[PDB]
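These are the residues of each chain, in order.
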Amino acid sequence: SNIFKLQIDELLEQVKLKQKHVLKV
Amino acid sequence: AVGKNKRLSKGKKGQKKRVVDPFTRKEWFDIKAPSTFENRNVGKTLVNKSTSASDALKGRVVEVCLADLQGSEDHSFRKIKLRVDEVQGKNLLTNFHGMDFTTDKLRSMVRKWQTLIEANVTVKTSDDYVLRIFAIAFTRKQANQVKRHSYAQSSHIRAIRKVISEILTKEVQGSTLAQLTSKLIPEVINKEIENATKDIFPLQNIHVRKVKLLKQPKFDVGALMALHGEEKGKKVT
Amino acid sequence: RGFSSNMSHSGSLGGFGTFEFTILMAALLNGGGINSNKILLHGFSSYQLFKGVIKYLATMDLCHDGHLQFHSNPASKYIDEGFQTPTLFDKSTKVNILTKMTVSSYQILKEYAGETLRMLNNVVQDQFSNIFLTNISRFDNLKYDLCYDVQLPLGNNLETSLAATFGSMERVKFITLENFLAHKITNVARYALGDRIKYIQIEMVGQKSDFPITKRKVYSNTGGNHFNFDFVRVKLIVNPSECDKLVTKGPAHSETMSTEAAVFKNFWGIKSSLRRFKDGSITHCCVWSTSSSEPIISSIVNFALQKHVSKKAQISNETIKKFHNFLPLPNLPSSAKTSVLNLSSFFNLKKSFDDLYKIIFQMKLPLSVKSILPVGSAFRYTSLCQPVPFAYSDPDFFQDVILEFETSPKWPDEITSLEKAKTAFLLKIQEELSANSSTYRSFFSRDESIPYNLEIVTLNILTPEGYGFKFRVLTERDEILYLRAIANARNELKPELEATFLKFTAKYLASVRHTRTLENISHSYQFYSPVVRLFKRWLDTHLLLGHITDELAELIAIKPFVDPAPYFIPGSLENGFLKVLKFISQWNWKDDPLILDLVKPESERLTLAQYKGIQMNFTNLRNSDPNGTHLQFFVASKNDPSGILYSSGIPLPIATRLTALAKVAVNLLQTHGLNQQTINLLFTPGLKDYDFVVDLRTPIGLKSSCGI
Amino acid sequence: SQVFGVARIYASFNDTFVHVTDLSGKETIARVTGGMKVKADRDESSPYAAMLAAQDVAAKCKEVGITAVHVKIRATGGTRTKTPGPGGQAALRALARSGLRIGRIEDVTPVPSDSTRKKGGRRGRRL
Amino acid sequence: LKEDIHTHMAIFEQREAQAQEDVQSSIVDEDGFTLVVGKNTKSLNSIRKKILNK
RNA sequence: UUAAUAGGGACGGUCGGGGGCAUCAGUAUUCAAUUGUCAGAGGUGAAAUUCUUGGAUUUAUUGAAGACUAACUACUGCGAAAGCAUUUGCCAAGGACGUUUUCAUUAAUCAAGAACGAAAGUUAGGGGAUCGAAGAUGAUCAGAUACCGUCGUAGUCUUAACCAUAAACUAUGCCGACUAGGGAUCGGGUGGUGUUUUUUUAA
């Protein structure tokens, strides 16, 4: 489960949107 | 006792009248055996006609002597159980269900002045068919033996049981159920046990006493058709 | 999975998006059970929250039997009654959130969730990448077993008849003709095919959703502001068990014409008929004809759509036909009418073996015959071309058969005597067979597959039915002697000797287990016997079978079946073959091992200890061979825990060539869609990369003698 | 042209049952007993009652269509006697005299490897 | 082939025969040490490698 | 000073239906589900209570419960005795044998006292299939079949304590020596021998 949990965290940060564009829009 | 002096019973008051011959509605059905047996024809059975017929047919178990299926009196003394699995056009496709021997022999082989050895194993085939195997073997005296009895020491008995235990596990695991039956007919399993147990102690009447089918996998019609080796209807003109 | 919040009654797969996922999961935090109990807790983590919703969608039904109600503004409760459509009612707002969700799409959505719930519960193998980092929507043909494109008539407005069929009751029901037409084609296709299929998707190719501000409604080039699409494509997920049934059963006959029978007769028209069977039942059914070029699915949809939708429609799926034709057509009676799924030829070969199988037992020999185990390719339904009587020009005509006798202490202790004793047993078998059964013919041959064992002699039996069998003797003393050779061999020579053992166990010991499990497994996977044969056919065209052992091709080709995730089990010839191509293209055999659970569809499944054990073997081997020159493909299973049995000795160039071909093939597919031109390129060899090429011709044509 | 049945014979010390069924045994073809063919309860176990019962099934059996049977004789077994009595033997003879073809004969009496205590007790019974 | 098999094994049974006699012939060293040979042992070469193996 | 054909201890491979704790199997009995059929079933010398057309009895596919290890079973084995008969594992104990290993008299008899002690029985829990004192009830006709039939309490099983009695027998104190032959068997060890066995996996 720990391996799966860390795998989730890796996926999220990869697809996390860059906050700079949020300010731009 | 249908006599008059025989006292009246309470049940006699109410008697359903016999208004149907049950066999007016019964329909015959022909059984066939798997391809591993020489004689596939193994008789027929009857069921009430569908209002369904197939439901009562599925799960039906028929027991028969091997000699009829193999046409050899060298198998007059062995019995097989077949279970119905698929129905097609009055033909029943059966699969192996179990094997057992007749009572008269088991009394016949068992004689005084020797040791009785029985081993049992629970094991599954490559087809995930979980079966239980029973094996029987007896000690024998040598040609030049002079002792009246041929009793074997319990240490030998445990040694023989282990050899019988390990071997029976070997064939079943390394074979399928259909393949497993294919070895039963030539009684090949026995003759290893004689050879494997040959150095430990001389034995006689080595046989696989009984076979039980504990669990079955999910049914596969496609496989069953292969073991037995679709049909368009006729137009109502 | 290609799921979006966009409209689905139009035809696009979707209707379930993030909002529907979010609204659903919110409701579960407030209840969801039949007893209105919470199924999800606010303390759950992301994995648990995701697990519950996927588990929820998988097992509880929302369309036919049962529906949910919740209060956005009151515990959410599951109702057993269903509205026959995907329904997620909101009592507070009186809004059904699944209105955009179609019935047909809902079953596919349910299948995906339940199919994934199995991997989520899986503990043997990591499934993070498949569940999340694999796009299955890239290719429809990979994602769908069958695809038919239907060209509607008069497509700058649809024909008056089809437009007239729209009707006023349907404008009110279906606002757009596209929504109506999609429903029309679905219902007839569903009703016609019935159990032959699992899931159906109707896609409206070339449907636009954005238009210039200068225009009031979307403009399609063929539409002319009338219909916003180019053409309709019918995609199916077929059911292999009942796909190829000759007759479509219907309601039983009765004194008074029942409603279910009535619609059956009206739907099929002249194709309808009332037939009797051997069991004696009288039922309304229609009979079709099998063909070796196309499935029954192609004909039924063509007739059904034309009769009901429009008599001028054009239905064509040439890709599957071309795939079917590439499969070598056997030279048997009624070969053309035979379906690709029929294995009668293989069974007939087995029956001939059975007759000989009886004779050899009854023959008296010094040692009682223990067991004869057929191991030929045909016995596992993998032979590239089906067996044909007397077609001895076929390379696979002679099927290998293992003969084993009763264990004896009299076997020779030196190798060279041992087989010569085995030959003596074969010699006697031949003599008695020649005398007692003269109708059988026989001869001896020289086998040299095992290196340096130049005395193994095989008996070839020509069966009267017209089949050939090759018999080789197995002795228990045989395997220890090879071990004896390895131990005494010089340290420099030991790596060579173990290779000789490796081939021996490949032919004698592991071969038995290989044929046994593949044969039994093949029954569940109906399309395995065809697809493997085309796979070998594809390898032969590019001159790869010579170095690739037939077993290795089989194990590569079963991966899409034992491990279909993230995809489904293939149920089409095209779907199975291309998926094998997809796997090989993306297979990193240098860093990723290939290990298969040779088991039937949900024991003998690999456990954690066995799984890790095989993994350690790969790491140890790659530690010695990181670049992978000595070994390229690591194929392991219960039969093969070492993982090198069927993939040893392959030159690296052939291994790279195999992967290079698969990659480029996939690239061609992405650049150009599946069509007649592309598929021809797939199966034709360039032959230019080779440094030198030699042309050979045989004196006579061998195609006829090969049974083709 | 030859249909097989199974003629299961249960010969108890106070009665004899003649039972004919299909090969599976699920479908009963004809069950007759010594009691229904006798006037007094004591002759239920008599051989004479057995021949009447055996003849009755045989006539019924021929009507059905079956022409041969496999006989599986048995006694009460359990903690009691294991060998079939004269009634079971007598019924077997009648079936042969009836003209039906006999396939195979086997004794299927229940035999316990280990048995519960008998009803007679220690001093004994059958006085 | 029949002739070749016959000649080959016929020589083998001879070679096997002498080998088994040699091991079970009460071998004694020049200094009187009697080699111990187990029953069913067939070749002295076999005895040597068993020592080398262990 | 010996290392007693005194004794103790040790070690090697065996040997045991010796003991305990778990574990596996086996039919059989009863009960329950389903399944086909129909008039009786049961029981005894002759009968009646009893069950049964809501389907008895019987047939067949299963499941559950509690006991118990047939045939093999022997003038055979183990244990001080009472007693101990399915497989496998764990636990400790032990007779005999082998020993060119060790103590050096450490021994015999015997009070009180102590351990256990077949079956039955008592106290307090569990379980309760079968059999079954007691009690109830059918029949009370006929002497080789003359006391049977149905229900059946305590008990029969087990846990923790009491009770300590058997034709618990060689109807027969113990320790030590000596005073006839014969061949059968069990365990161990020694030699020979040729059959079954068998081959560098090991054993």
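The deposited coordinates for this entry were obtained by cryo-EM, with a reported resolution of 5.17 Å.

**A closer look at the overall build of chain D**
Assigned secondary structure in chain D consists of two helices and five strands. In sequence order, the secondary structure elements of chain D are arranged as β-β-β-α-β-α-β. Relative to the compact-globule value of 14 Å for 127 residues, chain D shows a C-alpha radius of gyration of 15 Å, a close match. Each of the three principal axes of chain D carries a C-alpha extent, and together these read 55 × 35 × 20 Å.

**Observations regarding the pairing of strand 17 (residues 468–474) of chain C**
Residues and elements named next belong to chain C. When strand 14 (residues 398–405) meets strand 17, the two strands line up parallel, connected through seven bridges. Opposite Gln 399, over in strand 17, you have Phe 469 as the bridge partner. The loop that links strand 16 (residues 457–462) with its antiparallel partner strand 17 comprises five residues; one of these, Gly 466, has a positive phi angle of about 110°.

**Observations concerning the environment of C:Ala252**
Mapped onto the secondary structure, C:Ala252 falls in the loop between strand 8 (247–248) and helix 9 (259–268). Expressed as a C-alpha distance, the spacing of C:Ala252 and C:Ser281, which sit 29 residues apart in the sequence, is 7.7 Å.

**Quick word on the sheet that holds strand 12 (residues 314–316) of chain C**
Sheet strands associate in pairs through backbone hydrogen bonding, adopting either a parallel or an antiparallel arrangement. Residues and elements named next belong to chain C. On the basis of which strands lie adjacent, the open sheet formed by four strands has the order 6-7-5-12 and antiparallel pairing. Strand pairing shows two members of the sheet lacking a second neighbour, strand 6 (197–205) and strand 12, which therefore form its edges. Within the sheet, the average angular offset between the axes of one strand and its neighbour, ignoring direction, is 20°. Where strand 6 lies against strand 7 (residues 231–238), eight bridges are found, and the strand directions are antiparallel. Following the sheet pairing, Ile 200 is matched in strand 7 by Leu 236.

**A look at the pairing of strand 5 (residues 146–151) of chain C**
Here is the key point about a regular strand: its side chains alternate between the two faces of the sheet. Residues and elements named next belong to chain C. Judged from the five bridges that link them, strand 5 and strand 7 form a sheet pairing that is antiparallel. From the neighbouring strand, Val 150 faces strand 7, where its bridge partner is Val 232. Judged from the three bridges that link them, strand 5 and strand 12 form a sheet pairing that is antiparallel. Along strand 12, the bridge assignment pairs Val 150 with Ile 315.

**Focus on the packing of helix 19 (residues 573–586) of chain C against helix 21 (residues 652–671) of chain C**
Residue and element names in this part refer to chain C. Following both chains from N to C, one finds helix 19 and helix 21 inclined at 115°, their axes separated by 8 Å at the closest point. For the crossing formed where helix 19 meets helix 21, the hand is left-handed. The residues of helix 21 that touch helix 19, namely those facing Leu 581, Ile 584 and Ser 585, are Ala 662, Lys 663 and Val 666. For the contact of helix 19 with helix 21, the residue count by class is four nonpolar, one polar and one charged.

**Some details on the packing of helix 2 (residues 46–59) of chain C against helix 3 (residues 103–121) of chain C**
Residue and element names in this part refer to chain C. Look at helix 2 against helix 3: their axes get within 8 Å of each other, and the N-to-C directions meet at 125°. As judged from the angle between their axes, helix 2 and helix 3 are oblique. Considering how the two elements wind past one another, helix 2 and helix 3 form a crossing that is left-handed. Counting all contacts with helix 2, which are made through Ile 54, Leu 57 and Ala 58, the residues of helix 3 involved are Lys 110, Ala 113 and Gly 114.

**Quick word on the interface of chain B and chain D**
With seven residues of chain B at the contact, the number on the chain D side is nine residues. Within the side of chain B that touches chain D, the residues separate by chemical class into five nonpolar, two polar and no charged.

**Details of helix 1 (residues 18–30) of chain C**
With 13 residues, helix 1 of chain C extends 18 Å between its outermost C-alpha atoms, agreeing within 8% with the 18 Å of an ideal straight helix rising 1.5 Å per residue. Directly after helix 1 of chain C, the chain includes C:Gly31, whose backbone phi takes a positive value near 155°.

**Points about unusual backbone geometry**
A cis amide bond links C:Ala565 to the next residue, C:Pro566, at an omega of 0°. Its identity is not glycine, yet B:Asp128 carries a phi of approximately 60°, on the positive side. Positive phi, normally seen in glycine, also occurs at C:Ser334, with a value near 55°. Note on placement: C:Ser334 falls in the loop between helix 11 (318–326) and helix 12 (344–362).

Reading the values: rules and limits
- Residues numbered from 1 in each chain as written, not as in the entry; some residues may be left out.
- Chains lettered and ligands numbered in written order.
- Part of a larger assembly, values for the part shown.
- Heavy atoms only, no water.
- Residues with missing side-chain atoms left out of burial classes, pairs and counts.
- Helix = DSSP H or I, 4+ residues; strand = E, 2+ residues; numbered from the N terminus.
- Rg over C-alpha atoms; globule rule 2.2 N^0.38 Å.
- Pairing = 2+ DSSP bridges.
- Axes fitted to C-alpha atoms, helices over the stretch in contact; angles between N-to-C directions.
- Left-handed = near helix turned anticlockwise from the far one by under 90°.
- Contact = heavy atoms within 4.5 Å.
- Nonpolar A, V, L, I, M, F, W, Y, C, P; charged D, E, K, R; others polar.
- Parallel < 35°, antiparallel > 145°, perpendicular 65-115°, else oblique.
- Expected span 1.5 Å × (residues − 1).

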